[PDB]
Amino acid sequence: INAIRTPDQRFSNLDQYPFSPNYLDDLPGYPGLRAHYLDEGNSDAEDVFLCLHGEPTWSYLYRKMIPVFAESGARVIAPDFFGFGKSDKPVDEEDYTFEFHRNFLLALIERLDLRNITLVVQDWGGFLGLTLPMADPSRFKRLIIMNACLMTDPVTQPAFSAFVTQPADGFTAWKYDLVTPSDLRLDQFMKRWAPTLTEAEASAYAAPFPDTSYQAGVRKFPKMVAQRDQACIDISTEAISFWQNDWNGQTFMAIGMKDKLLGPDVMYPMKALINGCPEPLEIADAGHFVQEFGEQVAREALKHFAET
C-alpha cells in the first residue's frame, strides 16, 4: 500500500483545534498505515461519542462538538479516515473503496474496544458509519445523525440516488468541484460549501494536503457516490434492515435545511427507516456541514438524550 504522510508542520497554525494527537498502527488489513484519532474527555467514562467525518473533511469538523460531549462527562473519539486529516494517505485512488474505509472503522472500534457508543455521523461519516452497528450491535447505544443516508441502489431507495443528478448546484457541482481541478484548494471549496467559515477555519481543511499527490482519497469519495460497487450496495442494503428492524437505541436527527445534497428530500426518507427516530431538529439556515452549527446540535442532542 503506497502511502504518504502529511508533514507535521502543516498543522502548526490550526485555529480552534487544541486537541492532542493519538495514533493507531498495524490495524488488520492496513499494513504500514498510521491512523490519527482524537481521544478527549474522561478516558474512563461510561459513554463514548464516536464522531465520524466525511468528504472532504477530517476530525477538525467536530471541533465545536467535542468540547460539549466531553463536558457532559463522556469520552469522545474522532478518527481521521486514511486519506484525510492527520492519518496516512494512500496515493492511488484505486486503493480507496467502501470496504477499505468500513473495515478500518471496524478495526478501530475493536482495537480500542469501544462500547456504549453514541455514533455521530454526517456525509460519508454516515454512509459508512450507519453500516457499523449491524456488525457488532452490542457496542452501540445511541445515534446522532446529521445530513447522511445509505448508499443503496436507486430502486431500493430512490431518495438516496436522485440527489446525484439534481439540482445542478447540488451533488453535481460538489463532485465537479472535487474531481476536476488539477490544483484542488479545499480552503476555497470549504468556504464555498460552508460559507460561515472564516479563512482561518477554511485553511484547516487545506492543511492535510500540501499538493495533489495527497488528495487521492479526496478525489475518490464523490466517484463512489456516483458509482456504487457491489460491496457498497449489499452492505448498505443490509443496514436498512438493521435500522428498521433491529435498532432499539436512542436517536437524535438534525437536518441542515439548506443542504442541496442531503437535505429534507433525503433525511425524511432516512428518518422513516430508523426505528424510534424522533422528529428532526430542523436547522433552517444550515447547509451540508451541519457541524458549523455544531455547538447547538451537540447541546440539543445531549438534552434530548437526558430527557427521554
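Here the rigid core means the biggest group of C-alpha atoms that line up within 1.5 Å when the two forms are laid on top of each other. Quick note: we count residues from 1 along the sequence shown, nothing fancier.
Of 268-276 and 23-31, the stretch whose C-alpha atoms sit farther from the shown form in 5 other deposited structures of this protein, after fitting on the rigid core, is 23-31. Look at the mean CA B-factor for 39-47 and for 53-61 in the entry; the higher one is 39-47. Relative to one another, 141-149 and 163-171 have unequal mean CA B-factors, and 163-171 is the one with the higher figure.
For the set 122, 87, 131, 182, the PDB entry puts the maximum C-alpha B factor at 182. Among all modelled residues in its chain, residue 31 ranks in the highest third by Cα B-factor. When the CA B factors of the chain's modelled residues are split into thirds, the value for residue 299 lands in the middle one.
Ranked by Cα temperature factor within the chain, residue 94 sits in the middle third according to the deposited record. Residue 76: CA B factor lies in the middle third for its chain, per the PDB record. The entry lists a Cα temperature factor for residue 191 that places it in the middle third of the chain's modelled residues.
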